[PDB]
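Let me begin by handing over the structure; questions about it come next.
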Amino acid sequence: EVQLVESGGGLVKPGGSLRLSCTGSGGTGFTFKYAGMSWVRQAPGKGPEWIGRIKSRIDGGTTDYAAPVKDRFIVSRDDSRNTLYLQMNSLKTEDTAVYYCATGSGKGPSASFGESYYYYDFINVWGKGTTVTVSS
Amino acid sequence: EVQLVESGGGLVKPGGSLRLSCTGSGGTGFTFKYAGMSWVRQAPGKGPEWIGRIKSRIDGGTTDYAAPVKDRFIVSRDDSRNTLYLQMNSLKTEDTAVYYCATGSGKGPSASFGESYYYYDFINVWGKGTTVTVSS
Amino acid sequence: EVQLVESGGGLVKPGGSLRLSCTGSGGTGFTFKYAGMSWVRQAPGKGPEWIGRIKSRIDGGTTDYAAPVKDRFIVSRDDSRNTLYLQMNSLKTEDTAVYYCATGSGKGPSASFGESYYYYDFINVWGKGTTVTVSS
Amino acid sequence: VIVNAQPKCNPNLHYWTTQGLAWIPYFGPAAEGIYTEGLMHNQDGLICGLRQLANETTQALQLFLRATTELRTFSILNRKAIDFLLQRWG
Amino acid sequence: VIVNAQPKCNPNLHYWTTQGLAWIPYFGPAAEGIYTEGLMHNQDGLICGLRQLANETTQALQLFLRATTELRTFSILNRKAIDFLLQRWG
Amino acid sequence: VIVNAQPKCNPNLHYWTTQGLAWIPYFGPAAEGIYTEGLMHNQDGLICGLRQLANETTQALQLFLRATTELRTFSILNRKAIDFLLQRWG
Amino acid sequence: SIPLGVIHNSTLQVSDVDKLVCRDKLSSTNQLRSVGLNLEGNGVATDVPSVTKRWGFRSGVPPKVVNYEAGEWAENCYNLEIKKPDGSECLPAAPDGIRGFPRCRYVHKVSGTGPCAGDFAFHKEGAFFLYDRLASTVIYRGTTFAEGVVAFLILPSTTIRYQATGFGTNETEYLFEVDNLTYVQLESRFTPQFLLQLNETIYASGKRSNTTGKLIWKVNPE
Amino acid sequence: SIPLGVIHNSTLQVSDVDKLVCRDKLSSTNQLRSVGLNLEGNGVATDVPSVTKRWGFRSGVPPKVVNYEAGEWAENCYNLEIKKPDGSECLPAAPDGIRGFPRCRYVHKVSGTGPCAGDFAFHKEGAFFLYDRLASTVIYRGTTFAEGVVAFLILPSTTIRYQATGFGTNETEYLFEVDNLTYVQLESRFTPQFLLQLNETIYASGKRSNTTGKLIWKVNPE
Amino acid sequence: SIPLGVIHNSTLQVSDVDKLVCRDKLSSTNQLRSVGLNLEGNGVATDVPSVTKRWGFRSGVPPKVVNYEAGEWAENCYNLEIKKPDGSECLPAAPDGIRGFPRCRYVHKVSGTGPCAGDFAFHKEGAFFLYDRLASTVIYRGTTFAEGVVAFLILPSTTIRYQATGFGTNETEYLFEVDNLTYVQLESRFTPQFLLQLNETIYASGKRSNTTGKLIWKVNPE
Amino acid sequence: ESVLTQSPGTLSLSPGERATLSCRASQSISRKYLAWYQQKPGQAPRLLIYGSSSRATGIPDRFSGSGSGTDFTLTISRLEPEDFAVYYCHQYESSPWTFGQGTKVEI
Amino acid sequence: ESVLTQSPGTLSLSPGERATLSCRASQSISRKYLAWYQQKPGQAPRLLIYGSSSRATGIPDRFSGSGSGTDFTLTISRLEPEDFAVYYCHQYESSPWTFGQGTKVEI
Amino acid sequence: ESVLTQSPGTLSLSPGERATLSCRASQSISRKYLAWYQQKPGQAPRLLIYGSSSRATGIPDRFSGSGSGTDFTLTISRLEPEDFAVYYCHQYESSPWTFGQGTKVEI
């Protein structure tokens, strides 16, 4: 039932920066009682590469980064706006890729009591991907 | 005046285990106020090899092991029964050897006051040796 | 205005020892409120080599040594006698050199209030140098 | 002279307090077991009056504690016994 | 009965001491602000007499402290109140 | 009213207690030297009676300590002085 | 200036300081009593979401304690273990002699993180945190306590666990812990008994996480 | 409910609580005295083998202390340093303000190991461990103490060292230390004076270990 | 045996112990007061060079404290941070509950090193170091204090920094710190106001070190 | 670090035949931390399997994972025409995440 | 350790021509810790410059130091006959001291 | 570890001639921790000497040990026919024990 859609891409020059966003719905809010969220990129012709993920606040709200983006990319969230952001600095043309947001979520079992969702350490929901082009 | 005699040897198959024993007399008891006791082995045609030794209780009651038997052999004592034991697990045919018990003891000087014994960090008393054969 | 003059040199045999001295004036006393003092040596035909320096008491009174003289030479001071000393032990013929005392001092700005001096981490004042000969 | 002005009052008290070889610390009970227990009801308005008293004594007690330097005060009631005596036989 | 034998005396005292939501520790003042203040002059010789008294009581106080084992003594004046009463009504 | 029922009794006491610049902590004696000393004999049965008293007061003291929360109690005798006065002039 | 209650064969009176009552006999110090009463007896809300809004942090003010001789059984006691976002502790370790309140029915243990502005957590209404036989102006880490007040006068558990986020601020959130991976969103309308009933039906029926993810339940609004 | 002795020009009486004695005048608080007496004055055995059987370990009970104003000289004081078989400590460090008993004739210092079942070592008969001017319910590590009791009333060293094994259990063994490598088996029939006499003849005559081994002596049974 | 002053409508008298004064009525414990007075009120020199000669170190004697209810404002308070030549500390950390003296005009903070012969620094005349509302026999590290004495009776800052060398001995030297690299030789003839005036003219006129060396000033002798 | 390498780079099998693809990790890992993904052009990868052997939902029974230590495999009991996708490994490592390089499956 | 090496070993220039001498340190160092010294036979070295760029007093303006990191230089804008001395580098390192080997300047 | 190596592997001397056997330890050791043992077929080794230079009892004066550091020797002043045994070194190392390989003494 969970969906997230990427935006904020397009053409940026190397040496610059940009911030991508991914706004979703279908969950229970993405800040608390929710899966953390990651960015993954895939350059055309290449497999997916992990960028990093922001943990939910109940799990501490920290960001775990992939080695290739350390000290350049920042993963952060707009709490209660259900929006994930990626700040990419020090851009190089090697960063041209399709950038995806990804979520470890989905609905769980119900009971006469109430409703439930699961928050995972892997991805069930992928966005569409926003293409980011870095070029001269 | 101190004597200790080995038993519990003979033929055992590799992959198995056995426990040797050495019972003595002539001392003041082998648990407290006494030398700790070691096992040494000598395969026919080879020199003696240290296995390990159990300290007396007054010295902490711990066992110091030789590297070649670590995580396979255990040196322990039956307190107040004056008996030393060696538990040899994970037997390999390389373990065929004559197994000896050895003691750092012997009588010391007397006085009009009383009697005395010395407990050493080296061996004065050797047993006869029990042959342990490990084979298929 | 500060001057320091070396003495206590001359010929010593290798395997022996000697103590050099350097007595000065023109400062504010060399123990407290004063620059620490160093020894430097220069063998004929060679550049200067740092031996070590004794800090002033206000800076802790310790001695920082050059690697080549560690565990052989000692730098010390006769407090309030304005005299610097160098104790050279375990002499080798390689130690023949001109031995200089050196000071990070000199007068600073005055005011209607009073007089002032600066104490530095580098040398402004050099002595004449006392030649020490180590030979058989 | 006590007017209970609280929104509500639990009219009763369920309370605890601390009153052969049993006396020897070695053989006696562990700390969780050294307490006694029982119930009291609101006889003649006493319990609700008491709750209001504790609510009023709080301000005086906090100002007292601000002024003192003892880390732990065990002496409030000993001081009261002394003042009682001084007021009658000073 | 107090003869001030000090080289000199400051004849006056500048003193400090500790006397709606203000009473609540959460909303009240920080420790530096819990003190009051004021001045007293040497009315009828009281201040210089008092300085001499403090100079004389010092020996007794140090011997007292040597003998006791409390790390901190807060009870000197409570003992005085008790002795006062025992001397009159013992 | 004290009957000494102990197997044996040491009839005498060898005891210690704590009673110019000497008063100044800086110049005075080290802790091992602040004690006085002397002997007492069993005058009129007092010492053996006293040993039995200490043996009987032990139970009351241990129960008392179980109930309190002070880590160190220095106030048993001050409480006794207060009760003495309240019983006579309450 | 601390008032004493006096118990008569009439009612409870407050002793004066200006008026001496000749018939108010005190025969011993054993007639004087320090009593710790709980705030819950006055109808204060006890659910975790409302309780924590009565507490807050401050610096510049030292903690202090007083003793009790007797006190009430509590229906609701609390036990906090709160850390700063950087992993450091918010509350001080309890000092020697401080022990938890001896008679609690339900203990609400709250573990979590949040901003902790001061040095100590203090009660905002000036009430005391009640520890075994000591009232305190502050909260000690890991120690069970009741909220309450102390009277002076003349006389003649089930452990419920919660997680918390943003503990020291105004807008905070809580979860009821059923298992390591199983939680229920907490609301102010839930009573301790309600939570126990939910823990039994969920746990007994197996409606718990099986995968490594966290299963978060939301109670039907009705 | 703690009794007070009253000293008269007749004998020592125990003060009542129900009967008021009008002639039992108390003029000041300086007439009240706390006195620490030793158990040895009642004939309790003082040898190390028997003494340690009066002590044991327990958990769940906190330690507490009271003060003395005066007390007895002890003939026999004890000082323990006991470790668990894994090398950790059995006894707590003494807190600030606790100092050893000031007047001991012989100090029996026992160092060694054994099982230590509880948190603290307590006296089994309910006696107190006497420290400088403080009686305690527990033994502190490394501090010299006497065993004893405390009375309240109205008034008008040579250091002997031992090694121990199995210290906290029923079947234990002890050695008297003459030197680092020289020991004598200990028995309950030995007095402190006996041990000192043995230390002088053995040490003076050179009947001590010369080699790196331990020389263990056994007293002639007669 | 500690004397009490008695304040009358005549003068201040010292209460006896042998003579009972029937008219010396005590109506409550609130009429008893502990007062901390400063030594500076008796004309003792307060400059750092002379003050430190009244203090010294000793071992074998434990520290102790007493409380105040009221006391004087100090013109001159001190704060010490003294280390041994090997970098270790000379003074103990202050224990919980000890806070600096609340009302000081000038604080003389002295940092430096020197021999520290004992365990604690004690006052040589037997005066007390006055901390917030506690007098102490010893100096605590880093805590501001006044020197003084305590009376008992019946009632009816600018921070000046110095460096020190040889702090615990008889022949010592001090410097007044203007900046990290700027110092003035200290003399006993300088008052706190003098030092502040020198700090303003030197700092304001820029007569401070610019290089990495220390600039040491010496006051004109006149 | 813990790095995933796939083999073979390309699989070649007629539809209806069995197919297997393995990954070797540079570091040993527990089963609960592994996953494989299925990707077709124009689509983000589908989860398929997680926890080494637990199927993702919406996934046919013909897909089954297995493995331990450093060696993990995805087995398709019968590979259907619709399954000729690029497959990737993934591991969670209890913190950092790693993806495999991508293996193509062809008829 | 932090060691100073000078280059060129010998400088050769007519008086009135500009001269530069550089030192390379084995370790990076802040400007405030550097100095150069001027030595003639029979004399102890003169300070010249300290703190990389701060002139010692009694020294002509033609002498000016510069540098950062590991690379420091002394520039003499016009080398006079009286300036054809042996020059040395020195560094303080916030504790141990190091001297350069000595570079000769010749006409 | 601290390991004992004997040299020569075999000694050859007529009875009545002097004999020496040395051991070299891989690690330096104090004298008090060394020993040598004498073995004949059918017998457990006899102690001989311990503590480098202290004789075991029941041992003739002709047997004398010496050494320091890593180098220890057993000297027999006159080797008798009854002394042509296999000799071993031993060291205590203040905890682990080590034996030498066994050296044969022959006529």
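Going in written order, the chains are labelled A, B, C, D, E, F, G, H, I, J, K and L, and every chain counts its residues from 1.
Here is the rule we use: a residue touches a chain if its C-beta (ideal position, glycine included) is under 8 Å from a C-beta of that chain, and two chains touch if they have at least 3 such contacts.
Here the C-alpha atoms of subunit G line up with those of subunit H after a rotation of 120°, rounded in steps of 5. Across B-H and D-H, the chain pair carrying more C-beta contacts is B-H. Averaging Cα coordinates per chain places subunit G and subunit I 44 Å apart. With centres taken as mean Cα positions, subunit E sits 31 Å from subunit D.
Computed from the mean C-alpha positions, the centre of subunit I lies at a distance of 73 Å from the centre of subunit L. Mean C-alpha positions place subunit F and subunit H at a centre distance of 18 Å. The multi-chain contact residues of subunit E, meaning those touching 2 or more other chains, are 18, 23-25, 28, 31-32, 59, 62-63, 69-72, 74-75, 78-79, 81-82, 85-89. Residue positions 120-121 of subunit B are each in touch with at least two other chains.
Shared interface positions of subunit G, defined as residues touching 2 or more other chains, are 26, 29, 62, 67, 97, 126, 133-134, 137, 211-212.
Per the touch definition, subunit L reaches subunit H in the complex via residues 32, 51, 54. Within the complex, the subunit D residues that touch subunit E are 59, 62-63, 66-67, 69-70, 75, 78-79, 82, 85-86, 89. Of all the residues in subunit D, the ones that touch subunit I in their complex are 69, 71, 79, 82-83, 86-87, 90. Of all the residues in subunit I, the ones that touch subunit C in their complex are 85, 113, 163, 165-166, 173, 175, 183-185, 198, 201-202, 205, 207, 209, 211-220. Within the complex, the subunit G residues that touch subunit D are 1-5, 7, 10-14, 20, 26, 29, 32-35, 37, 40-43, 64-67, 69-73, 97, 99, 102-103, 126-128, 133-134, 137, 148-153.
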